[PDB]
Amino acid sequence: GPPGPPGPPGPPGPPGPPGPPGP
Amino acid sequence: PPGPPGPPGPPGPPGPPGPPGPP
Amino acid sequence: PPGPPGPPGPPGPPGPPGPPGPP
């Protein structure tokens, strides 16, 4: 038989890093 | 018999924004 | 017949940096 279709998307990645200090 | 499994899916989307920085 | 779907893709990249902290 032919290959199966691609898998579904992975999970979201994690949160980005914190922002810089305030002014 | 059945074909082999498909390839891994696409990457998940980017994560959420990080937190605010400190004051 | 076709094979099974592949596994889920990898996790996405990290989200963007947070915003600047308070004044």
# chains A, B, ... in the order shown; residues from 1 in each chain; ligands from 1
>>> residues_around(residues="residue 4 in chain A", least_positions_apart="6", cutoff="10 Å", atoms="only C-alpha atoms", output="count of residues only")
12
>>> residues_around(residues="range 11-16 of chain C", least_positions_apart="5", cutoff="6 Å", atoms="only C-alpha atoms", output="PyMOL selection string")
(chain A and resi 10-16) or (chain B and resi 11-17)
>>> atom_distance(atom1="CA of residue 9 in chain A", atom2="CA of residue 18 in chain C")
25.0 Å
>>> residues_around(residues="residue 22 in chain B", least_positions_apart="5", cutoff="9 Å", atoms="only C-alpha atoms", output="list in words")
residues 18, 19, 20, 21 and 22 of chain A; 20, 21, 22 and 23 of chain C
